[PDB]
There are 2 protein chains.
Amino acid sequence: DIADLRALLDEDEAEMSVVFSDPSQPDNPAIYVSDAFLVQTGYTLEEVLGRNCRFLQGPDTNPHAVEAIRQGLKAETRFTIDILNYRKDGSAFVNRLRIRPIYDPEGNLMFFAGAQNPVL
Amino acid sequence: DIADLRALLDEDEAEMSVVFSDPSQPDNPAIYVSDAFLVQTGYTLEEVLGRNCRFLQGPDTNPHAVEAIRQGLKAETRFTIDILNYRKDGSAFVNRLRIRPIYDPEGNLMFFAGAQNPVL
Ligand SMILES: Cc1cc2nc3c(=O)[nH]c(=O)nc-3n(C[C@H](O)[C@H](O)[C@H](O)COP(=O)(O)O)c2cc1C
Ligand SMILES: Cc1cc2nc3c(=O)[nH]c(=O)nc-3n(C[C@H](O)[C@H](O)[C@H](O)COP(=O)(O)O)c2cc1C
């Protein structure tokens, strides 16, 4: 029996690029990515699961945007940022990244949900 | 936004006493219990969340049954055992305990689900 993490998706994120990360594991790795995420970024599941999502950043990603995200995660609050991201073939795209914390019944942080929308 | 852990319940365990535990946390604590569990055992949510479910054991619980459960958890396999358990008022009941592991998409153990059925 495998957990149905998609059963925590918002209605918006169902047909979307979405990632869930486990902040209790070292380096806050992705434990679930939607097929839309894999299609957009050009990776296989094996290439992404268990890694921190920073692999989407590349040579022209703004490091302050990266730090903003890191602080936003520490804040455990909903936030959105436009950040330059890259696919496996090296092509770049502006990603409107939306992140929100998910807590367990006791109120302890449990997961982060991240949704990717390329800005056209 | 709070995780809907009940969205991993089997159809059988919906109207049932059920617990989910987080084995990545120290001492494998309960992170979710159903209202049926609280009613049966006589505890409040605050009294149970974040504790290992061994608080259901009492003076005449068979220690080999306890060890069986512990090994079954290490085995990460489905198992069932009849074990004497106790409510908060000290009354005892024979619990047919059914436990199953739940894994994440990478196949790493993520939760245990435990269902309680008093044997009549
Ligand atoms: C659920 C989740 C989804 C994320 N998605 C992206 C993303 O799509 N693009 C990106 O550049 N960073 C994303 N990140 C951010 C990185 O994983 C990381 O937190 C960021 O680089 C800042 O942390 P760092 O300083 O350790 O690198 C995501 C983080 C989380 C937790
Ligand atoms: C999800 C879950 C549900 C459990 N439910 C019960 C239970 O209803 N009654 C009981 O005696 N033990 C239950 N246990 C077992 C105890 O939590 C514990 O694993 C057992 O006492 C053996 O471990 P120990 O040697 O550390 O005490 C449950 C364990 C898990 C993980």
Side-chain angles (χ1 to χ4, degrees), chain A residues 13 17-23 25 27-33 37 40-41 48 51-58 61-74 76 79 81-86 92-97 99-102 109 111-118, chain B residues 13 17-23 25 27-33 37 40-41 48 51-58 61-74 76 79 81-86 92-97 99-102 109 111-118:
Chain A
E13 322 167 336
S17 178
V18 64
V19 175
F20 301 101
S21 80
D22 186 355
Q25 296 185 51
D27 209 20
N28 185 210
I31 65 177
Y32 172 88
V33 297
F37 175 97
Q40 174 64 252
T41 62
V48 170
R51 310 179 55 186
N52 184 282
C53 291
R54 83 176 56 88
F55 63 80
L56 299 168
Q57 297 150 16
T61 302
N62 191 292
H64 299 285
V66 177
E67 187 60 29
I69 294 172
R70 187 178 90 97
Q71 290 298 322
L73 293 173
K74 301 191 168 194
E76 300 183 16
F79 64 95
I81 185 163
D82 290 8
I83 184 172
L84 187 73
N85 281 173
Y86 292 72
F93 61 97
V94 174
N95 177 18
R96 179 153 303 166
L97 170 63
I99 281 171
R100 53 184 182 90
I102 304 171
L109 177 66
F111 306 105
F112 284 107
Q116 292 80 20
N117 292 276
Chain B
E13 322 167 336
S17 178
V18 64
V19 175
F20 301 101
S21 80
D22 186 355
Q25 296 185 51
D27 209 20
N28 185 210
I31 65 177
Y32 172 88
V33 297
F37 175 97
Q40 174 64 252
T41 62
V48 170
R51 310 179 55 186
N52 184 282
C53 291
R54 83 176 56 88
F55 63 80
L56 299 168
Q57 297 150 16
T61 302
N62 191 292
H64 299 285
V66 177
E67 187 60 29
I69 294 172
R70 187 178 90 97
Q71 290 298 322
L73 293 173
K74 301 191 168 194
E76 300 183 16
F79 64 95
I81 185 163
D82 290 8
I83 184 172
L84 187 73
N85 281 173
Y86 292 72
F93 61 97
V94 174
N95 177 18
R96 179 153 303 166
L97 170 63
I99 281 171
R100 53 184 182 90
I102 304 171
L109 177 66
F111 306 105
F112 284 107
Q116 292 80 20
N117 292 276

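Naming convention: chains lettered A, B, ... in sequence-line order (proteins, then strands); numbering from 1 in each chain. Just so you know, ligand 1 is whichever comes first in the structure, and atom 1 is the first atom listed for that ligand.
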Requested in this report: Decide side chain to side chain contact (heavy atoms under 4.5 Å, CB included) for B:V19 and B:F112; before the verdict, give the C-alpha distance in whole Å, the side-chain angles of both, and the deciding distance to 0.1 Å.
Outcome: CA-CA 8 Å; B:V19 175; B:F112 284 107; over 6 Å; no

Residue pair A:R100, A:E76: steps toward the salt bridge (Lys or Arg N to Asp or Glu O under 4.0 Å) verdict = CA-CA 7 Å; A:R100 53 184 182 90; A:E76 300 183 16; over 6 Å; no

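In terms of N/O distances under 3.5 Å, ligand 1 is not approached by A:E67. Here's the thing with A:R70: none of its N/O atoms is less than 3.5 angstrom from an N/O atom of ligand 1. Considering backbone and side-chain N/O atoms, A:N28 never comes within less than 3.5 Å of an N/O atom of ligand 1. Distances between N or O atoms of A:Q116 and those of ligand 1 include at least one value under 3.5 Å.
Taking every heavy atom of A:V66 and a limit of under 4.0 angstrom, the matching atoms of ligand 1 come to 21 (O), 22 (C), 25 (O), 27 (O). Atoms of ligand 1 found under 4.0 Å from any heavy atom of A:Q57, numbered from 1 in the order shown, are 10 (C), 11 (O), 12 (N), 20 (C), 21 (O). Within the listing of ligand 1, atoms 1 (C), 31 (C) sit less than 4.0 angstrom from a heavy atom of A:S21. Heavy-atom contacts of A:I83 reach the following atoms of ligand 1: 11 (O) (cutoff under 4.0 Å). Atoms of ligand 1 found under 4.0 Å from any heavy atom of A:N52, numbered from 1 in the order shown, are 16 (C), 17 (O), 18 (C). The atoms of ligand 1 that sit less than 4.0 Å from any heavy atom of A:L97 are 5 (N), 6 (C), 7 (C), 8 (O), 12 (N), 13 (C). Annotation for ligand 1: atoms under 4.0 Å from non-hydrogen atoms of A:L56 are 7 (C), 8 (O), 9 (N). Against a heavy-atom cut-off of under 4.0 Å, A:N95 is close to the following atoms of ligand 1: 7 (C), 8 (O), 9 (N).
Between the side chain of A:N62 and the backbone N or O of A:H64, at least one donor-acceptor pair lies under 3.5 Å. Side-chain atoms of B:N52 come within 3.5 Å of backbone N or O of B:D27 as a donor-acceptor pair.
Summarising the contacts of atom 28 (C) of ligand 1 with A:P29, A:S17, A:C53, the nearest heavy atom is found in A:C53. Of the listed residues (B:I99, B:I31, B:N85, B:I102), the one carrying the non-hydrogen atom nearest atom 10 (C) of ligand 2 is B:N85.
Counting heavy atoms from C-beta on, the side chains of A:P118 and A:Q40 come closer than 4.5 Å.
With sequence neighbours left out, the side chain to side chain donor-acceptor pair (under 3.5 Å) criterion links B:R51 to no other residue. Residues meeting the side chain to side chain donor-acceptor pair (under 3.5 Å) test with B:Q25, sequence neighbours left out: B:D22.
Note that OG1 of B:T41 and CZ of B:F93 are 7.0 Å apart. Values are rounded to the nearest 0.5 Å. With rounding to the nearest 0.5 angstrom, the CD1 atom of A:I69 is 5.0 Å from the CG atom of A:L97. Here the CG-CZ distance, from B:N85 to B:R54, works out to 13.0 Å after rounding to the nearest 0.5 Å.
With a 4.0 Å cut-off on non-hydrogen atoms, B:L73 touches ligand 2 through its side chain and not its backbone. Counting heavy atoms under 4.0 Å from ligand 2, residue B:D27 does not touch it at all. At a heavy-atom distance under 4.0 Å, no atom of A:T61 approaches ligand 1.
Aromatic ring pairs are classed by plane angle as parallel below 30°, tilted from 30° to 60° and perpendicular above 60°; the pair A:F20 and A:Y32 is tilted.
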